[PDB]
Amino acid sequence: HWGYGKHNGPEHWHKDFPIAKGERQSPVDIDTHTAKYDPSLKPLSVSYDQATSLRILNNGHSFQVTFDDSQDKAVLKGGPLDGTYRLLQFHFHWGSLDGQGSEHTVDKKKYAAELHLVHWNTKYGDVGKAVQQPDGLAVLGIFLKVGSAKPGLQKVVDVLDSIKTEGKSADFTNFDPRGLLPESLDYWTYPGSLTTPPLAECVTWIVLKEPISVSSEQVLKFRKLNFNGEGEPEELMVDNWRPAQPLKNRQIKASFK
Ligand SMILES: O=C1Nc2ccc(F)cc2S(=O)(=O)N1
Ligand SMILES: [Zn+2]
């Protein structure tokens, strides 16, 4: 029922999901002058060499690439995190125009898109249990700006025409998510939530400072996807981002000076 339209979009979500007005909702604006360097933070450990991708699919809100998380194969550790978080899936949020599309903002600047690499805390055994815990998930967020092409994204872009409509999926094995990362792992971190229903307050957010560049042709392909299912009226999948939410009693910490 929920979506991104005028009658079912983010301003309506609180009716079915009252946590939408909660104390640790995401995304947020990152005020770079107020975020404080925290020397007690550790370097991120992004260990994706053994990642096993499985499928790519259009879920009617985004497209996602899924991974085998039945073993410690692609894991996120370190930084603000305690323990080991397994990569489950990645997906994107993007705009109808290059000046909007990201969920997090940086000094109110919106990027053209935002990549979320979603990981869950193995101490909770499965992702369904993890989402019920304040430290159950860690999402690595990466901004996209439009400029040069990202070679590691092209294999994704080239298969999108096969998952145009909600409910479509395809095999997507042997994809290396390391090709989506920027050079630097400098980051901001804060406690937050899922950015779609159920908006559960279970996420340690880790937002990289360095955006990746993608080409206009790459992002244009995102914008040709459909929110609707096959044989329904075409509504382009664009502007599938939640706007920044109140920071409330939270501090955003920087890993870098
Ligand atoms: O739109 C989003 N929906 C999600 C849904 C489930 C998650 F586990 C993580 C996210 S997310 O907060 O990374 N982004
Ligand atoms: Zn997301």
# chains A, B, ... in the order shown; residues from 1 in each chain; ligands from 1
>>> residues_near_ligand(ligand="ligand 2", cutoff="9 Å", atoms="only C-alpha atoms and all ligand atoms", output="PyMOL selection string")
chain A and resi 62+90-93+103+114-118+139+141+194-196+241
>>> write_last_selection(atoms="N, CA and C atoms", output="short mmCIF file (atom, residue, chain, number, x, y, z; two decimals), in the first residue's frame")
data_model
loop_
_atom_site.label_atom_id
_atom_site.label_comp_id
_atom_site.auth_asym_id
_atom_site.auth_seq_id
_atom_site.Cartn_x
_atom_site.Cartn_y
_atom_site.Cartn_z
N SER A 62 12.36 -0.45 -5.42
CA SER A 62 13.77 -0.29 -5.77
C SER A 62 14.10 -1.53 -6.59
N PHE A 90 22.14 -5.38 -1.64
CA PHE A 90 22.25 -3.95 -1.89
C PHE A 90 21.15 -3.47 -2.82
N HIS A 91 20.86 -2.19 -2.72
CA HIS A 91 19.87 -1.55 -3.57
C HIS A 91 20.18 -0.07 -3.64
N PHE A 92 19.38 0.65 -4.42
CA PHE A 92 19.60 2.08 -4.62
C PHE A 92 18.31 2.88 -4.41
N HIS A 93 18.51 4.17 -4.16
CA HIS A 93 17.48 5.19 -4.20
C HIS A 93 17.95 6.25 -5.18
N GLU A 103 18.94 9.83 -0.03
CA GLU A 103 18.18 9.87 1.21
C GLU A 103 18.90 10.72 2.25
N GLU A 114 21.72 7.11 -4.06
CA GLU A 114 22.37 6.56 -2.87
C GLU A 114 22.26 5.04 -2.90
N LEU A 115 23.41 4.39 -2.72
CA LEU A 115 23.56 2.95 -2.65
C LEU A 115 23.53 2.54 -1.17
N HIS A 116 22.73 1.52 -0.85
CA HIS A 116 22.68 0.94 0.49
C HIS A 116 23.12 -0.51 0.41
N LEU A 117 24.22 -0.82 1.08
CA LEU A 117 24.69 -2.19 1.28
C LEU A 117 24.24 -2.60 2.68
N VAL A 118 23.35 -3.56 2.74
CA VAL A 118 22.62 -3.92 3.95
C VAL A 118 23.25 -5.15 4.56
N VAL A 139 24.07 -0.52 7.77
CA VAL A 139 23.89 -0.19 6.36
C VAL A 139 25.00 0.76 5.99
N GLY A 141 26.12 3.30 3.40
CA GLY A 141 25.50 4.17 2.42
C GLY A 141 26.56 4.92 1.63
N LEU A 194 15.52 1.72 9.30
CA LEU A 194 15.21 1.46 7.91
C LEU A 194 14.57 2.70 7.32
N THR A 195 14.79 2.94 6.03
CA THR A 195 14.19 4.10 5.39
C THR A 195 12.91 3.77 4.63
N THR A 196 12.46 2.52 4.65
CA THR A 196 11.14 2.15 4.17
C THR A 196 10.40 1.42 5.28
N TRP A 241 13.00 7.93 -2.72
CA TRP A 241 13.78 8.32 -1.56
C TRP A 241 12.88 8.94 -0.51
#
>>> residues_around(residues="residue A:107", least_positions_apart="2", cutoff="6 Å", atoms="only C-alpha atoms", output="list in words")
residues 30, 31 and 109 of chain A
>>> write_last_selection(atoms="N, CA, C and O atoms", output="compact mmCIF listing (two decimals), in the first residue's frame")
# COMPACT_ATOMS: atom_id res chain seq x y z
N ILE A 30 23.31 15.42 7.21
CA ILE A 30 24.61 15.40 7.87
C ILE A 30 25.16 16.81 7.81
O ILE A 30 25.59 17.29 6.75
N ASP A 31 25.12 17.50 8.94
CA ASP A 31 25.73 18.81 9.05
C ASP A 31 27.22 18.63 9.31
O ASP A 31 27.61 18.21 10.41
N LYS A 109 22.76 19.26 0.79
CA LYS A 109 22.97 18.82 -0.58
C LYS A 109 22.41 17.41 -0.79
O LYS A 109 22.71 16.50 -0.01
>>> select_by_dssp(residues="stretch 101-256 of chain A", states="strand (DSSP E)", output="ChimeraX atom specification")
/A:105-106,113-121,137-146,169-171,187-192,203-208,212-214,253-254
>>> write_last_selection(atoms="N, CA and C atoms", output="CSV table (one decimal), in the first residue's frame")
chain,number,residue,atom,x,y,z
A,105,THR,N,21.5,13.6,3.2
A,105,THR,CA,22.0,14.8,2.6
A,105,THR,C,23.2,15.3,3.4
A,106,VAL,N,24.0,16.1,2.7
A,106,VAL,CA,25.3,16.6,3.3
A,106,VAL,C,25.2,18.1,3.2
A,113,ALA,N,21.8,9.9,-6.4
A,113,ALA,CA,21.4,8.6,-5.9
A,113,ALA,C,22.2,8.2,-4.7
A,114,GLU,N,21.7,7.1,-4.1
A,114,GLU,CA,22.4,6.6,-2.9
A,114,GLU,C,22.3,5.0,-2.9
A,115,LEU,N,23.4,4.4,-2.7
A,115,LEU,CA,23.6,2.9,-2.6
A,115,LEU,C,23.5,2.5,-1.2
A,116,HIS,N,22.7,1.5,-0.8
A,116,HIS,CA,22.7,0.9,0.5
A,116,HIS,C,23.1,-0.5,0.4
A,117,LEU,N,24.2,-0.8,1.1
A,117,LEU,CA,24.7,-2.2,1.3
A,117,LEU,C,24.2,-2.6,2.7
A,118,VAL,N,23.3,-3.6,2.7
A,118,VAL,CA,22.6,-3.9,4.0
A,118,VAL,C,23.2,-5.2,4.6
A,119,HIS,N,23.6,-5.1,5.8
A,119,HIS,CA,24.2,-6.2,6.6
A,119,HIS,C,23.5,-6.4,7.9
A,120,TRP,N,23.6,-7.6,8.4
A,120,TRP,CA,22.9,-8.0,9.6
A,120,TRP,C,23.9,-8.7,10.6
A,121,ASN,N,23.6,-8.4,11.9
A,121,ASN,CA,24.5,-8.8,13.0
A,121,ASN,C,24.3,-10.3,13.3
A,137,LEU,N,21.2,-4.3,12.4
A,137,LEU,CA,21.7,-4.1,11.1
A,137,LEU,C,22.7,-3.0,11.0
A,138,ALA,N,23.6,-3.1,10.0
A,138,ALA,CA,24.5,-2.0,9.6
A,138,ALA,C,24.4,-1.8,8.2
A,139,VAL,N,24.1,-0.5,7.8
A,139,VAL,CA,23.9,-0.2,6.4
A,139,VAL,C,25.0,0.8,6.0
A,140,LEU,N,25.8,0.4,5.0
A,140,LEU,CA,26.8,1.2,4.4
A,140,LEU,C,26.2,2.0,3.3
A,141,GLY,N,26.1,3.3,3.4
A,141,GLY,CA,25.5,4.2,2.4
A,141,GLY,C,26.6,4.9,1.6
A,142,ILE,N,26.4,5.0,0.3
A,142,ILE,CA,27.4,5.5,-0.6
A,142,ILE,C,26.6,6.4,-1.6
A,143,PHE,N,27.0,7.7,-1.6
A,143,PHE,CA,26.4,8.6,-2.5
A,143,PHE,C,26.9,8.4,-4.0
A,144,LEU,N,26.0,8.7,-4.9
A,144,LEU,CA,26.3,8.7,-6.3
A,144,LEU,C,26.1,10.1,-6.9
A,145,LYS,N,27.1,10.6,-7.6
A,145,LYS,CA,27.0,11.8,-8.4
A,145,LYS,C,27.2,11.5,-9.8
A,146,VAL,N,26.7,12.3,-10.7
A,146,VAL,CA,26.7,12.1,-12.1
A,146,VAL,C,28.0,12.7,-12.7
A,169,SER,N,12.6,-10.9,-11.6
A,169,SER,CA,13.9,-11.2,-11.1
A,169,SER,C,14.7,-11.9,-12.1
A,170,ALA,N,16.1,-12.0,-11.9
A,170,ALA,CA,17.0,-12.6,-12.8
A,170,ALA,C,18.2,-13.2,-12.1
A,171,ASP,N,18.8,-14.2,-12.6
A,171,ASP,CA,20.1,-14.6,-12.1
A,171,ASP,C,21.1,-13.5,-12.1
A,187,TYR,N,34.0,8.1,6.9
A,187,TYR,CA,32.6,7.9,7.1
A,187,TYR,C,32.1,8.8,8.2
A,188,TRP,N,30.7,9.0,8.2
A,188,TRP,CA,29.9,9.4,9.3
A,188,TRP,C,29.1,8.3,9.8
A,189,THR,N,28.8,8.3,11.1
A,189,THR,CA,28.0,7.2,11.6
A,189,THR,C,27.0,7.8,12.7
A,190,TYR,N,25.8,7.2,12.7
A,190,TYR,CA,24.8,7.6,13.7
A,190,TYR,C,23.8,6.4,13.8
A,191,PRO,N,23.0,6.3,14.9
A,191,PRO,CA,22.0,5.3,15.1
A,191,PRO,C,20.7,5.7,14.4
A,192,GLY,N,20.2,4.9,13.6
A,192,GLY,CA,18.9,5.2,12.8
A,192,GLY,C,18.1,4.0,12.6
A,203,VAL,N,19.2,0.1,12.9
A,203,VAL,CA,20.3,0.3,12.0
A,203,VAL,C,21.4,1.2,12.6
A,204,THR,N,22.6,0.7,12.5
A,204,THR,CA,23.8,1.6,12.6
A,204,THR,C,24.1,2.0,11.2
A,205,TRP,N,24.0,3.3,11.0
A,205,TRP,CA,24.3,3.9,9.7
A,205,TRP,C,25.7,4.2,9.6
A,206,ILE,N,26.3,3.9,8.4
A,206,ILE,CA,27.7,4.2,8.1
A,206,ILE,C,27.7,4.8,6.7
A,207,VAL,N,27.9,6.2,6.6
A,207,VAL,CA,27.7,6.9,5.4
A,207,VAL,C,29.0,7.4,4.9
A,208,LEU,N,29.5,6.9,3.8
A,208,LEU,CA,30.8,7.3,3.3
A,208,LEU,C,30.8,8.7,2.8
A,212,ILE,N,30.7,8.0,-5.2
A,212,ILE,CA,31.1,7.5,-6.4
A,212,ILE,C,30.5,8.3,-7.6
A,213,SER,N,31.2,8.3,-8.7
A,213,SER,CA,30.7,8.9,-9.9
A,213,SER,C,30.1,7.8,-10.8
A,214,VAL,N,28.9,8.1,-11.4
A,214,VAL,CA,28.3,7.2,-12.3
A,214,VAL,C,28.0,8.1,-13.5
A,253,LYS,N,28.8,11.2,14.2
A,253,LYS,CA,30.2,11.1,14.5
A,253,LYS,C,31.0,10.9,13.2
A,254,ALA,N,32.1,11.5,13.1
A,254,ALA,CA,33.0,11.4,11.9
A,254,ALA,C,34.2,10.5,12.2
>>> atom_distance(atom1="atom CA of residue A:59", atom2="atom CA of residue A:4")
13.5 Å
>>> residues_around(residues="residue A:234", least_positions_apart="5", cutoff="12 Å", atoms="only C-alpha atoms", output="list in words")
residues 60, 164, 165, 166, 224, 225, 226, 227, 228 and 229 of chain A
>>> write_last_selection(atoms="C-alpha atoms", output="tab-separated table (two decimals), in the first residue's frame")
chain	number	residue	atom	x	y	z
A	60	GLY	CA	8.22	-2.37	-6.74
A	164	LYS	CA	11.60	-3.67	-15.67
A	165	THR	CA	8.45	-4.28	-13.63
A	166	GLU	CA	7.58	-5.19	-10.07
A	224	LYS	CA	13.51	3.50	-16.90
A	225	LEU	CA	12.47	0.92	-14.30
A	226	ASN	CA	8.79	0.69	-13.35
A	227	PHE	CA	7.03	0.79	-9.99
A	228	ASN	CA	4.10	-1.08	-11.57
A	229	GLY	CA	3.84	-4.75	-12.51
